[PDB]
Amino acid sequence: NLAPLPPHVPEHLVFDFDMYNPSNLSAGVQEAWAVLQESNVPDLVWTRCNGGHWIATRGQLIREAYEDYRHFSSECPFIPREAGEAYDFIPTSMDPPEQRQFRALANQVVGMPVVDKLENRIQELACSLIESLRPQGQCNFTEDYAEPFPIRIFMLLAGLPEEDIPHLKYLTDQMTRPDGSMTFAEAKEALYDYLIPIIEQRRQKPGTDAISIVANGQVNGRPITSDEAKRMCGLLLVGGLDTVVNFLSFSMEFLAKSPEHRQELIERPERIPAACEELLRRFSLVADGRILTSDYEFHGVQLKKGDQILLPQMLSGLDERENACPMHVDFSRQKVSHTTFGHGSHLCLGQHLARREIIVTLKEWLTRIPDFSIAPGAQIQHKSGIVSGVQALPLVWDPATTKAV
């Protein structure tokens, strides 16, 4: 339903886009969001859906708003408002200056030196899962690889048992793509219910896992509190369970549909890192936002204190103002412009882990199963929300074209 139009919003700016179920979803999720960049649509629109909020539809505005934390605060970063109010993860619910101290700690557990440490296990897991699928000539890519690969890596890093995956994956999905069985607040409280005892145990008897490190950590030279450690670990769970998992499916759907692009990477594997970046642009998948701290005139539009603004990280890279022919995938694209890992002071801390996972997947998949397709007759369905995804991805191939390594 449509929330009543606030007095301060002019009617010519109304465009009733539903971030949780966009009109054009069947064309693909990125395509559905790109409707916001059609020629009739203003740079900044108001939607009456999901309680009413602004949407910045172009890279220039999205980047500018992410840079200006004084006007656009992270305190309430999710739509709808109830979700944004309940949201208290660290560092993503905080603005600078307070935010900054927590980034170093998060970097300790998911940043580059740690990725380098885990590089062998990452490689070994990808190779193992792919080799197991290889002789079958088919898989359901979402459950058979997209989920277990990044998630088992995360559970290893976090020292959490793999038997907990179904529960934690259900909870994380309710925060980004709710099926309506749980409010954001209920899902967050259930995640915290899971974490509270584990954090307590690991502050008492620290191990070497990520939860132990965060829970016994210091922030700018003082001890982290139990509460802070909880709000940081909650964020890490969501990052581990509902980002790379979805992106891998978008990428492998594309490669399955594009023999020419697979061939390019098979023949030119040095281009895989560049291909990763271009896929990250084309199949960008996150959309959160900010809350106005004061009345503010932004690009000729009067924003009111307390108004929410969706700043879709997804849209910057799809904006033809940033990238010529933005819906075309070009691994040789000269300046790949995107905000897929965010922009400003909250730039993704997991991005090195994500890239390693993506690049390892592409290299190890294409080495063993170079030639694959969507199952004949299958219709791939996307899903939209704070993080967008792929419902299911049935792939097929001829085992005779495969290679065991």
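Just count from 1 along the sequence shown to find any residue number.
Mean C-alpha B-factor comparison - 329 to 337 and 190 to 198, higher one: Between 329 to 337 and 190 to 198, it is 329 to 337 that shows the higher mean C-alpha B-factor.
Stretch exceeding the other in mean C-alpha B-factor - 373 to 381, 53 to 61: Looking at the record's C-alpha B-factors, the answer is 373 to 381.
Highest-ranked of 282, 299, 290, 167 once sorted by CA temperature factor in the record: Of the candidates given, the C-alpha B-factor peaks at 299.
Most elevated Cα B-factor in the entry, residues 316, 263, 176, 99: Comparing C-alpha B-factors across 316, 263, 176, 99, the maximum falls on 263.
Based on the deposited C-alpha B factors for this chain, I'd like to know if residue 20 is in the lowest, middle or highest third. Lowest third.
Please say which third, lowest, middle or highest, residue 134 falls into when its CA temperature factor is compared across its chain. Highest third - that is where residue 134 ends up once the chain's C-alpha B-factors are sorted.
If you rank every modelled residue in this chain by C-alpha B factor, which third holds residue 81: lowest, middle or highest? It belongs to the middle third of the chain when residues are ordered by C-alpha B-factor.
Is residue 251 in the lowest, middle or highest third of its chain when residues are ranked by C-alpha B-factor? Within its chain, residue 251 is a lowest-third residue by C-alpha B-factor, going by the deposited values.
Quick check on the deposited entry: does the C-alpha B-factor of residue 119 sit in the lowest, middle or highest third of its chain? According to the entry, residue 119 has a C-alpha B-factor in the chain's highest third.
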